[PDB]
Amino acid sequence: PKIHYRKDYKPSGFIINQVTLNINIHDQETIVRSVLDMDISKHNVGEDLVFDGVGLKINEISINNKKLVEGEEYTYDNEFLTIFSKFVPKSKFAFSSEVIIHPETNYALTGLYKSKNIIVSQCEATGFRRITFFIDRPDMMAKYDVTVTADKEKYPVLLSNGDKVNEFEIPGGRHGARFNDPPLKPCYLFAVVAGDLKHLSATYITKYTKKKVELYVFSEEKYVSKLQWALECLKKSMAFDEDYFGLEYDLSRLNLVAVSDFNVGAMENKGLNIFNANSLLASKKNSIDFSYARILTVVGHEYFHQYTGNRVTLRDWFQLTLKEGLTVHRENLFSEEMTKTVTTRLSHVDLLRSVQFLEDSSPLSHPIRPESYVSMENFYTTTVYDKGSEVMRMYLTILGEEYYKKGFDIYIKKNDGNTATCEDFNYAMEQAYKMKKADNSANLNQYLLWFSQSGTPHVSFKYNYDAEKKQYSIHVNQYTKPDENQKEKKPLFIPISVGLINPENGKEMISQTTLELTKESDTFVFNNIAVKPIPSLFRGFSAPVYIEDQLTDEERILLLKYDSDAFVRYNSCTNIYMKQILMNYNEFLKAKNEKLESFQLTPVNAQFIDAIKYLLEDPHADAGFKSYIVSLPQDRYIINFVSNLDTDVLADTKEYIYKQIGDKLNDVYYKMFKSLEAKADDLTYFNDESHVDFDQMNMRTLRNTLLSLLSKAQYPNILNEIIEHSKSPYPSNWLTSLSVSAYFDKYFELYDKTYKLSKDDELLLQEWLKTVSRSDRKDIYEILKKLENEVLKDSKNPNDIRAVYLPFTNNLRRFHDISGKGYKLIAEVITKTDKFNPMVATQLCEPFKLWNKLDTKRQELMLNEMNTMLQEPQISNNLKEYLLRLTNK
Ligand SMILES: COc1ccc(C[C@@H](N)[C@H](O)C(=O)N[C@@H](CC(C)C)C(=O)O)cc1
Ligand SMILES: [Mg+2]
Ligand SMILES: [Mg+2]
Ligand SMILES: [Mg+2]
Ligand SMILES: [Mg+2]
Ligand SMILES: [Zn+2]
């Protein structure tokens, strides 16, 4: 089983200068002819010429137009084509081949495949070798000249990278298009699309060069009306890159294409970005509110790769975080600017601290630049993306905007063209650090540990105030737990954005200050502090760490009410909830363990409840922020704090705490649900396709969150509200009506009603499926069986399979049923999917990531299922590597 090591990187002994492809799409097969103009590099040591080529049917191969003979001059084993060195030229030569591939039966959705009636490619990371022979690694940069031919009636729209330089008719009802793409690119950025596509288009004129750029967005005909928001998003993304970074698009056209069958959200092929339809298409009538933020995010993200990933390339796959972490960071700056709500930053933190912290405390834990892989597809992770994004964001925190922009421009100017590594970026940032610190002895050598050290730092605090001296001290310690990657962990460069709040008047006591913690511990002292402050620590969540603030609940409530920083207020609320959860959880567990007939539970802090009411009733406070404060921290955040987590005991603990708070605030929640209606559900702009109001969507989030609370509580007559809510024109409302009706006899009436409203739009039906899947129903197993039989059937569409099964895995009570029936159900789906799509089968493993953090009975049940999956004779390499790592085997 082949392991690749980061430190083993060596340039190839071969060079590929030019790729000339002819892709001839037929009814039963596609024929790919390719000529590679090649050379011998300075690194060559007389080795065999070995190409990647997976599942290719060879018709012929040649060197310099002389046909090579199998067995004598080459061997092919369905993975590697080896041409023996004695047959390989010692100077520039041409390698040519013709192979047969079958996009119609390519259900793995990598390489060239058919999605409904569209033929489409996906090459990142190793998909190009599934289309033709290549040295399929990102440092093999080449020029591309691509011709596609197909049946004209079936496939009128033909697209690839670069300029369309010719179009032509072919006998027998066929037609062809030639595209030439002169600038060098790695092969994972190659794309081709053939289909009966419809489009919307616009022209964008760049900021400085004043280049006219043609923008096209494509879908199947049925959904072309859903393309408008994506076109607006693309204009916004171009403007932002211009305005913040001074970066203009370089090419004359940019195409975005939506397809129905896609392993991920989208892909940044140069001038030809290809999208999961769920991340490109939306309408007010047929999409939930989340679609709007998602499209903005994904269009922005793939656009931002044009510089960070495409123009500046990766040397090798170990550098993945350099394009993905940096591009997530760019999209976050963009979306914060576009949405102007604090919930954009909060939602990123909420994801990192639940999902990524869980990964980083699991057997899958890795640094953002891993040291080895077996299947690189397994390293497209929340760590590489989201922790990578936070590491990229810490440079901006450390440097500030002016110097951050200087360092980023140094990175672009020096590397445009060109493969790069994480050190290249650190080097550019360090040049700005030197400039900022006014000394050339300053360095960021220690900062590199953020790329190589796995695990989440824990940062803890002690405080001292001397009233007589007016002097305040913050003593800080950092600790990363040893793990399987490093026995010894080193101190990181941690920037700690801080304020000091005067608790008498809630005012700021110091200017903006970022403490640079670079040792295992340090004490920061402040003079002229007139009263003992409450510290506001890690403002904006300034480093990706466990924060142990050591504050009292009274201090935390004062920050929640009065602090200026959204993240610190949110975290203070989070910390109050966590202290309560851990206390009640222990009380319930002791009662269960001791089989007690009676016992006590510690009630929720009454001043905390009063603070929630205070914020909810403030008309000037943000609706998105309000929806976070009435929600308990995510289950996957909580599990990081509990050993041997008994999921039933956690479910009882959450229930008690929600009931405690609802018993005091339900009348307030009801009054707000009613009073927010006018603005939340305003229809003034319902038929304006480009008018998108993030605040209004956050008001709907709050309304729907309050409705869920009131429905769980069986608030008097709430069923009337639910039934009326089902009549709203907004899918976020009428789908909420289905899930909150789970607690009432009207559930299956709303099931049918909303099914009928959803069934005629592919993406809306997927949203309906998630809604059913996440429904808090005691008969959820029977309901999932009905979905399988009646709707999902044998669909191989990843969006369908993920919609039915993933939301259900968050059902803390039912998915973790002590019989193990939920673990069995998901393992069956995993093994079934693995037969045709190993990548999606691995995504479906997500619920097992926390297996060793549960109570011993559930650990045993999950392990048995994973061992059963591992024992499947036909298991993919991808799935096997993932399960071997996850089970420490
Ligand atoms: C496992 O193999 C792959 C192959 C290709 C990719 C595509 C990757 N480059 C692309 O930028 C990407 O992740 N977008 C995200 C969306 C952003 C907004 C985070 C997605 O798709 O959900 C990924 C993995
Ligand atoms: Mg094949
Ligand atoms: Mg502008
Ligand atoms: Mg986000
Ligand atoms: Mg379908
Ligand atoms: Zn990306």
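Along the sequence shown, residues are numbered consecutively beginning with 1. Remember, it's 1-based here, ligands and their atoms both numbered in the order they're listed.
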Listed as residue and atom, the protein N/O/S atoms under 2.8 Å from the Mg ion (ligand 4) are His348 NE2
Any carboxylate oxygen within less than 4.0 angstrom of a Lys/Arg side-chain nitrogen, looking at [X] and [Y]?
X      : Y      : answer
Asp565 : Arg539 : no
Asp695 : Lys340 : no
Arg311 : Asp250 : yes
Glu390 : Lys387 : no

Answer yes or no for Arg345 and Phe567: cation-pi contact, defined as NZ/CZ to six-membered ring centre under 6.0 Å and angle to ring axis within 45°. no
Is it possible for you to check whether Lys405 lies under 6.0 Å from the centre of the six-membered ring of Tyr244, through NZ or CZ, and within 45° of that ring's axis? yes
Is any side-chain heavy atom of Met429 less than 4.5 Å from a side-chain heavy atom of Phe408? yes
Measure from the Zn ion (ligand 6) to every N/O/S atom of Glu324 and report the name of the nearest one. OE1
Of the N, O or S atoms in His305, the one nearest the Zn ion (ligand 6): NE2
